[PDB]
Amino acid sequence: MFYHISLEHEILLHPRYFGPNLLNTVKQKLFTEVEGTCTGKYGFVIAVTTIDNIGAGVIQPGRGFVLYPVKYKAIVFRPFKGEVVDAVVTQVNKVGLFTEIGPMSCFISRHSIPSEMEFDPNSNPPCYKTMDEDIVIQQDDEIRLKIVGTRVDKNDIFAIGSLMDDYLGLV
Amino acid sequence: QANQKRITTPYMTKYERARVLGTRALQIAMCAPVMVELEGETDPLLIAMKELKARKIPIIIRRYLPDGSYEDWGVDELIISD
Amino acid sequence: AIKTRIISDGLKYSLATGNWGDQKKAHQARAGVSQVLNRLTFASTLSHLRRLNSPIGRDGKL
Amino acid sequence: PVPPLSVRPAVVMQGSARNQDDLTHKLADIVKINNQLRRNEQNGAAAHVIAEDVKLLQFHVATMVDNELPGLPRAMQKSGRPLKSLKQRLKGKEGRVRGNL
Amino acid sequence: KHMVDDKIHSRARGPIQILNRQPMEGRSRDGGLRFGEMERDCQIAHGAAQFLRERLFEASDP
Amino acid sequence: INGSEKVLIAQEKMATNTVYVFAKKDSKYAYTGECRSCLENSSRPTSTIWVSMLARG
DNA sequence: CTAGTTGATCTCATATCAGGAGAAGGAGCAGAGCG
DNA sequence: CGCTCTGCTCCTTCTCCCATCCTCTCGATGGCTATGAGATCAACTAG
RNA sequence: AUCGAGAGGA
């Protein structure tokens, strides 16, 4: 889910960067640090929106560094259990179906999908089709899903979705 | 605390001078820009003392009060005695 | 029946360590007896051989 | 709580004989009597036997944390030297607080 | 007997004790000199907090 | 002993079989007469006997 | 695929004197209310 | 009028503490705590 | 190497 949240961080700065331009260096270091990063508690951060406040930089005794506490508005993405989201299909396989929701790629097993949608490896595009062959779920398709599970690995979140619930089908 | 009325002494204490000079000397030793001109000085302590005499050390002393508040003094705002 | 190690090892231990007493009672025993002879100069040797000790305890401040 | 190996390092002598700390010897006594009491409660033992075992376990734990209990016998070791309990490790001068901190 | 060559000693990051990772004791052990309680009190009176932290934290057992 | 030259230091002790009347300032007794008694050929430690006077009041 | 040998790992089973100073508890007890 | 509730004193434990740093030597320290049969299993070493 | 003890220095 797209959101706009204020977050807090503290970053050390070497004495070389004091210079005639200092606030800009802390700004860009914050950007290079938490741009594209990911956390399991606040979800993935798409980007940092605007830097609100730059606290007083405290010189650590015994160390030349200075730590600046920064408050910044950034937009996060957090998937949820029971949430319904439209996704884009990317791969069809006999083990399951892979669809990308923004930066995450979620896999749906045939067990969770209703039994109507058959496997069809003989088709030129690997695709899922029913007895009537009316609905067609193949690569690059746009399909609705319900996110049931979330898992974080190496601070990177990967979700799992279901197509069983009613009205969840091809767009 | 009202910065318009700071109750602490306008003088730099001997301990403030000691720690400010040491801190700034470490900063210079770690390739921080120097605020004063330099004839041939290469020792960070000498450069830090020259900056203090010139009143050009970019450090703020946060003096804590017993009640918990604090007062921020620029090194250029304090009276350097020694 | 005579295990001669009692007398031998007892006298040897007591003179070797200075702990004057049975080896088992190594804390009830009083040390400082039987010191290593000082051989740094002839006067030190003579004086060490003519040395007396008042076992009042160095901790005592009387 | 049995401390880690850092608190009671097993120092190797000139050869291969690994000498254990006083704490480790005391914990050995504690585990011995604890297992002994566990079996004596689990299998056939008289009430007075279990009482004596509990008394000895109490003595071992107390002398592990504090060896100079007045009246009681000092926890002994080889060579007739009393063990250095956790209290003597930091009791006064040459303890942790005054001697190492 | 007291010659200076048997007394002079210096240390800079030598061996450390096993139990507490602090410098050894003695010239023979290449040990460090004790910065004792009275030295701590003297440096507290001086007001030298970073030197006190260097001696009691960073030069002993970080 | 083991190649090490060891010297026995003479140890001072109060003489035995002699009556010594002392007076401890901080004690229940005003005067105490002690006698560390020991048989001629020693076989046991010195058996000290005290004969004291209780302090007045 | 098929046995077979070989380590490692783990379970099981066999037996009979010249301290001092202060703080806490306890006990003896004198005494005051008072039921 | 006999019980209770003090609360004072004397004694008794009981427990804590006793300068700093430094050098050297000398003696003790050991601690050792088995064995093997069976089953399991997983890896080669052949087939 | 540890521990203890002893002898010493200021």
Side-chain angles (χ1 to χ4, degrees), chain C residues 9 12-20 23-24 26-27 29-40 44 47-48 51 53-62, chain D residues 8-22 24-25 28 32 66 68-71 77-84 87-88 91-95 98-99, chain E residues 1-9 15 17-19 24-29 31-42, chain F residues 1-7 9 12-16 20 22 24-28 32 34-36 46 48 50 57:
Chain C
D9 292 358
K12 202 190 293 190
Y13 160 81
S14 199
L15 297 169
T17 52
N19 300 322
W20 207 249
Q23 182 166 3
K24 195 202 194 184
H27 52 98
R30 54 189 172 86
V33 194
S34 193
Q35 302 175 3
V36 184
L37 185 69
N38 209 352
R39 283 283 193 180
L40 190 149
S44 62
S47 72
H48 206 168
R51 196 73 58 70
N53 203 311
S54 191
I56 304 299
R58 312 303 186 268
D59 59 285
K61 305 310 204 306
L62 185 58
Chain D
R8 45 189 185 84
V11 69
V12 69
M13 293 177 71
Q14 72 291 340
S16 62
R18 206 82 82 78
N19 197 334
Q20 305 293 348
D21 204 82
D22 294 3
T24 308
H25 293 167
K32 278 172 73 174
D66 178 14
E68 272 68 3
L69 266 292
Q77 195 39 250
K78 304 302 104 180
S79 84
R81 61 181 189 79
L83 294 154
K84 158 158 276 195
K87 162 152 178 162
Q88 292 84 14
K91 205 212 300 197
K93 198 203 310 194
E94 293 180 353
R98 292 180 63 183
Chain E
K1 67 189 290 187
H2 310 291
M3 301 162 200
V4 62
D5 267 12
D6 296 89
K7 287 161 160 51
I8 182 160
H9 174 52
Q17 307 180 41
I18 301 300
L19 186 56
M24 302 289 325
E25 187 188 299
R27 314 175 60 254
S28 48
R29 270 82 69 84
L33 282 294
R34 177 165 166 86
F35 190 93
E37 274 171 304
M38 290 177 101
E39 283 75 349
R40 178 194 64 85
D41 311 313
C42 172
Chain F
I1 296 90
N2 304 333
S4 195
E5 292 175 324
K6 301 279 157 60
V7 54
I9 312 306
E12 277 174 19
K13 68 193 183 69
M14 278 307 263
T16 53
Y20 295 140
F22 301 125
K24 189 163 178 289
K25 65 213 183 299
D26 52 328
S27 68
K28 66 184 288 184
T32 182
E34 73 185 5
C35 175
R36 292 180 179 90
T46 47
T48 318
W50 294 269

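Just so we're on the same page: letters track the sequence lines, and every chain starts at 1. Just the heavy atoms: all of them, side chains too, but no hydrogens, waters or symmetry mates, feed the values below.
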> At under 4.0 Å between heavy atoms, what does E:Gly36 touch on the DNA or RNA strands: base, sugar-phosphate, or nothing?
Replying inline: sugar-phosphate

> When you check the sign of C1'-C2'-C3'-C4' for H:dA19, do you get north or south?
Replying inline: north

> H:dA28, H:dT20, H:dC24: which one has an atom nearest the side-chain heavy atoms of E:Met38?
Replying inline: H:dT20

> What does C:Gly60 touch in the nucleic acid at a heavy-atom separation under 4.0 angstrom: a base, only the sugar-phosphate, or nothing?
Replying inline: nothing

> Counting only side-chain N and O atoms of F:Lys6, is one of them less than 4.0 Å from OP1 or OP2 of H:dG27?
Replying inline: yes

> Base, sugar-phosphate alone, or nothing: which one does C:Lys12 contact when heavy atoms must sit under 4.0 Å apart?
Replying inline: nothing

>> By the 4.0 Å heavy-atom rule, please label D:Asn19 as base, sugar-phosphate, or nothing.
In response: sugar-phosphate

> Do F:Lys24 and F:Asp26 sit within salt-bridge range, that is, some charged N less than 4.0 Å from a carboxylate O?
Replying inline: yes

> With sugar-phosphate meaning primed atoms plus P, OP1 and OP2, does D:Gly92 contact a base, only sugar-phosphate, or nothing at under 4.0 Å between heavy atoms?
Replying inline: nothing

> Contact class for D:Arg98 vs. all strands (heavy atom < 4.0 Å): base, sugar-phosphate, or nothing?
Replying inline: sugar-phosphate

>> Under 4.0 Å, heavy atoms only, any strand: does E:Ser28 hit a base, just the sugar-phosphate, or nothing?
In response: sugar-phosphate

> Taking only side-chain nitrogens and oxygens of E:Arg34, does any of them come within less than 4.0 Å of OP1 or OP2 of H:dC21?
Replying inline: yes

> For I:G6, does OP1 or OP2 lie under 4.0 Å from any side-chain N or O of C:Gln35?
Replying inline: no

> When all nucleic acid strands are considered with a 4.0 Å heavy-atom cut-off, which category describes D:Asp22: base, sugar-phosphate, or nothing?
Replying inline: nothing

> Checking only heavy atoms, does the side chain of F:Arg36 share a donor-acceptor pair with the base of G:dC17 at less than 3.5 Å?
Replying inline: yes

> Side-chain N or O of D:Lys93 less than 4.0 angstrom from OP1 or OP2 on H:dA19?
Replying inline: yes

> Taking atom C1' of H:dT29 as reference, at what distance in whole Å does atom CZ of D:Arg18 sit?
Replying inline: 16 Å

> Under 5.5 Å between six-ring centres and under 30° between planes, true for G:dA18 and G:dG19?
Replying inline: no

>> Under 4.0 Å, heavy atoms only, any strand: does E:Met3 hit a base, just the sugar-phosphate, or nothing?
In response: nothing

>> At 4.0 Å (heavy atoms only), tell me whether E:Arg29 reaches a base, stays on the sugar-phosphate, or touches nothing.
In response: sugar-phosphate

> NA contact type, E:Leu33, heavy-atom cut-off 4.0 Å: base, sugar-phosphate, or nothing?
Replying inline: sugar-phosphate

>> Both distances below 3.5 Å, Watson-Crick or wobble geometry, any strand: find the nucleotide opposite G:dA15.
In response: none

> Nearest-Å distance, NE2 (E:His9) to P (H:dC22)?
Replying inline: 9 Å

> With side chains defined as the heavy atoms from C-beta onward, is the minimum distance between E:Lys1 and E:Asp6 less than 4.5 Å?
Replying inline: no

> How many Å lie between CD on D:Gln14 and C1' on I:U2, as a whole number?
Replying inline: 10 Å

> Tell me: CG of C:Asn53 to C1' of I:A5, nearest whole Å?
Replying inline: 14 Å

>> Base, sugar-phosphate or nothing for D:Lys87? Non-hydrogen atoms, less than 4.0 Å.
In response: sugar-phosphate

